[PDB]
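Shown here is one chain on its own, the form deposited in one PDB entry, set out as structure tokens.
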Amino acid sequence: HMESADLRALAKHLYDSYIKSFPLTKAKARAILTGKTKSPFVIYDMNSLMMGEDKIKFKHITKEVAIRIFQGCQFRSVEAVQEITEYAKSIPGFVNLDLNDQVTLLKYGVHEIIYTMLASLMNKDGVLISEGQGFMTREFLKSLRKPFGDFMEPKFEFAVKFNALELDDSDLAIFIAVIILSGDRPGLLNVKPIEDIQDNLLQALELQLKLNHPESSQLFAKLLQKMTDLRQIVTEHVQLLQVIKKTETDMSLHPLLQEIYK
């Protein structure tokens, strides 16, 4: 199918583009979370939230507290969609696909990639925000009232499990490419070139994981099994939104904002 030297070139191409498209890499996030430092501002309760938006002026959390935080997560997710969209254009073959197929792959893939990349910003105690300048504790997020408290905790539970695989940025760049090129998205017009690119990406990922994690047996297989966890959590997430949308009335934004966050 492909020669070993071309797989390394494909892997290197993707790593370089992943560094340019995403501002906060996993490598940089890990330096912040471990204490291998400029200490980030910590949000662990209501009062520290107030000071953080005064001193750092977080653009997501600029109503009621639980709602503002929820809406802030939505604001950042929309920013991330544009970053993933730009990275997708760098995947060899992607821009040559039918234009409707490109849109379909991005529409159905962004939720899985956001959760994946969110794990890079998380440990068991909290999550980095605003390109790593702030840190919101898991306990503060989990203690939000009514449905918002239980909306936040599944992300951590997944992230803790995913991070135990100890992937680095060069591994993640290929993994994310593999997610985008999923030939089973509904409504695809020409599945064949999509699965051909994914076959290339899978070959590159398998060789990457063997060279970069030679002691970690069947890591390739284990990473692929996590695509089940992602799909399952994305479906749960959708059901959580519907329940919020059908119950919370204090959630109306400016109609232009509602449109941006469709």
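The first residue of the sequence shown is number 1, and the count goes up from there. Throughout, rigid core stands for the largest set of C-alpha atoms superposing within 1.5 Å between the two forms.
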**Item:** Other entries lacking residue 216, at least a third
**Value:** no
* Of the other entries that cover residues on both sides, do at least a third skip residue 41? -> no
Counting residues of the deposited sequence that sit between residue 62 and residue 63 but have no coordinates, the total is 4 to 9
Gap between residue 37 and residue 38, counted in deposited residues with no coordinates, falls in the class 1 to 3
Going by the entry, of stretches 47-55 and 212-220 the one with greater average Cα B-factor is 47-55
Higher of the two mean Cα B-factors (102-110, 69-77; per PDB record) comes from 69-77
From the entry's CA B-factor values, the highest among 175, 148, 158, 87 is 148
Here the Cα B-factor of residue 32, set against its chain, lands in the third termed highest
Sorting the chain's modelled residues by C-alpha B-factor and splitting them into thirds places residue 144 in the highest
So, residue 152's CA B-factor, relative to its chain, sits in which third? The highest
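The form solved in complex with a partner chain is left out here; the points below concern that form.
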Checked 130, 102, 170, 123 for heavy atoms within 4.5 Å of the partner chain in the bound PDB entry; positive is 102
Every residue in 34, 43 and 139 with a non-hydrogen atom within 4.5 Å of the partner chain in the bound PDB entry? no
Given that the partner is absent here, does residue 5 sit within 4.5 Å of the partner chain in the bound PDB entry, heavy atoms only?
no
How about residue 163 - does it come within 4.5 Å of the partner chain in the bound PDB entry, if we only consider non-hydrogen atoms?
no
Review point. Does residue 106 reach the partner chain in the bound PDB entry, with heavy atoms at most 4.5 Å apart?
Key: yes
Checklist entry - Does the partner chain get within 4.5 angstroms of any non-hydrogen atom of residue 143 in the bound PDB entry? => result no
Notebook entry, point to check: After the core is overlaid between the shown form and the other one, has the C-alpha of residue 19 moved by 2 angstroms or more?
Noted result: no
* Examine residue 9 after superposing the rigid core and state whether its CA is displaced by 2 Å or more between the shown form and the other one. => no
